[PDB]
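Chains as they are written, first to last, in our numbering: chain L, 587 to 697; chain P, 2 to 127; chain X, 1042 to 1066.
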Amino acid sequence: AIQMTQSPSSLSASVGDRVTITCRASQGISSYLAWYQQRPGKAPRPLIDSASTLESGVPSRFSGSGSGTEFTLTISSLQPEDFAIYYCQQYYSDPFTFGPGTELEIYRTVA
Amino acid sequence: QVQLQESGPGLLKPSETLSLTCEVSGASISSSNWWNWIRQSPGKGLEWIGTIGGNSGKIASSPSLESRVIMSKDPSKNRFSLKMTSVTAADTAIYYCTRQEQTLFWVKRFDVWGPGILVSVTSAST
Amino acid sequence: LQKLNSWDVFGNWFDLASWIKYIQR
């Protein structure tokens, strides 16, 4: 298998901030990397494929980059609906593996 | 517009066998696609379990579950199915059915997912 | 170990089963 990691597992920002998740892999998986957004409750939603190519219906603010071991998902301006869980997944070889997931929430919380 | 819909029972007994079926509502099962099943638990996490090719029928599973997982496809009914045995309650999770398009020589992302099916292994109600 | 490779995927471009049945007829 291929160890898929993701940093940070947690992150808090507010509307307007450029946030960035990073995704690491054991081996050089070229560009065979996809990003999914899962608003808890419903099922995952693909955002990026080939690391730097976004699906249909994906706002332009979302961005992806990377070509090997470490990749980046980059939201250029946060929004009320982006406060979801973000998974990165490699499909370079089987077994197909996902990252641990990265949390993204709002402000003014009981903590 | 491919649309996937899981089915099957969400009521299971420990150390047994579950059967789920994914009705495809946008493309033929016997196509140049790959029909996958995906497993999501809070602690065990989002895990790939299996896949089967619409044309070749080649099957592949996770090293952990290959020993206790089975793949199938019924094109006559335009569905594909999976069945996992020795169902320890730790396997209790959400099970999505997805698919991968493919290039000439390799697969692609999971472009389409089903709503997800909650199958729990226990002798009680919920 | 034996894994899912490109030959398998390239083979998924053809439905050999259906036409092998056409032969058995």
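Beta carbons are placed, not taken as given, at the ideal position from N, Cα and C, and that holds for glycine.
**OP:** Drop a sphere of 10 angstroms on the beta-carbon of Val113(P), count the other beta-carbons inside from all chains shown, and report buried for 16 or more, exposed for fewer.
**Re:** buried
**OP:** List the endpoints of the continuous alpha helix (DSSP H) containing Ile692(L).
**Re:** No alpha helix (DSSP H) holds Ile692(L); DSSP gives it neither H nor E.
Original post:
Mind checking whether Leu83(P) and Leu21(P) have CB atoms under 8 Å apart?
Top reply: yes
Subject >> Span separating the alpha-carbon of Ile1064(X) from that of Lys74(P) >> reply: Going from the Cα of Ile1064(X) to the Cα of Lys74(P) covers about 22 Å.
Subject >> Contact residues within the stretch 103 to 127 of chain P, judged by C-beta distance below 9 Å to chain X >> reply: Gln103, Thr104, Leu105, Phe106, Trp107, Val108
Subject >> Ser63(P) at chain L interface by Cβ criterion, 8 Å >> reply: Chain L contact via Cβ: present.
Original post:
Taking the alpha helix (DSSP H) that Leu1057(X) falls in, what are its first and last residues?
Top reply: 1057 to 1065
**OP:** Answer yes or no: do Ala587(L) and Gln623(L) have a C-beta to C-beta separation smaller than 8 Å?
**Re:** no
Original post:
Applying a beta-carbon distance threshold of less than 7 Å, which residues of chain X neighbour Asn37(P)?
Top reply: Near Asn37(P) there are no residues of chain X at all, since even the closest Cβ is about 11 Å away, more than 7 Å.
Subject >> Minimum Cβ-Cβ distance from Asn56(P) to chain X less than 8 Å >> reply: yes
Subject >> Nearest residue (CA-CA) to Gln592(L), options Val696(L), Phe684(L), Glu691(L), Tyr693(L) >> reply: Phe684(L)
Original post:
Are the C-beta of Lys14(P) and some C-beta of chain X separated by less than 8 Å?
Top reply: no
Original post:
By Cβ distance below 7 Å, which residues in the same chain neighbour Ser26(P) in space, the five residues on each side in sequence not counted?
Top reply: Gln4, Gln6
Original post:
Does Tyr97(P) have its Cβ less than 8 Å from a Cβ in chain L?
Top reply: Closer than 8 Å to some Cβ of chain L, the Cβ of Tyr97(P) qualifies, so yes.
**OP:** Check each residue of the stretch 1053 to 1064 of chain X: if its Cβ is closer than 8 Å to any Cβ of chain P, include it; give the result in chain order.
**Re:** For the stretch 1053 to 1064 of chain X, the beta-carbon criterion of a distance under 8 Å to any beta-carbon of chain P is satisfied by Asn1053, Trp1054, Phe1055, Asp1056, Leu1057, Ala1058, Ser1059.
Original post:
Quick one: what's got a C-beta closer than 6 Å to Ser651(L)'s C-beta in the same chain, skipping five residues either side?
Top reply: For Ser651(L), the CB contacts under 6 Å within the same chain, skipping 5 residues up- and downstream, are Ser638, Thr658 in chain order.
Original post:
What first and last residue would you give for the alpha helix (DSSP H) that runs through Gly115(P)?
Top reply: Careful: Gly115(P) lies outside any alpha helix (DSSP H) and carries neither H nor E.
Original post:
Does the beta-carbon of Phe1055(X) have 16 or more other beta-carbons within 10 angstroms, so that it is buried, or is it exposed?
Top reply: exposed
**OP:** Going by CA-CA distance only, name the one from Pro116(P), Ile95(P), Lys59(P) that's closest to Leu12(P).
**Re:** For the residues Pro116(P), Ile95(P), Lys59(P), the minimum Cα distance to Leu12(P) belongs to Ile95(P).
Subject >> Residue burial classification, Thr688(L) (beta-carbon count within 10 angstroms, cutoff 16) >> reply: A residue is called buried when at least 16 other Cβ atoms come within 10 angstroms of its Cβ; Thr688(L) meets this threshold and is buried.
Subject >> Sequence-distant residues of the same chain with beta carbon closer than 7 Å to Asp635(L), five excluded per side >> reply: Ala620, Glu641
**OP:** Quick one: list the residues of chain X neighbouring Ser33(P), beta-carbon separation under 8 Å, in chain order.
**Re:** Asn1053, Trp1054
Original post:
If you follow the beta strand (DSSP E) that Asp75(P) is part of, which residue opens it and which one closes it?
Top reply: 70 to 75
Original post:
Can you name the start and end residues of the beta strand (DSSP E) that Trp1048(X) belongs to?
Top reply: First-last for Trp1048(X): 1047 to 1052, but that is the alpha helix (DSSP H), not the beta strand (DSSP E).
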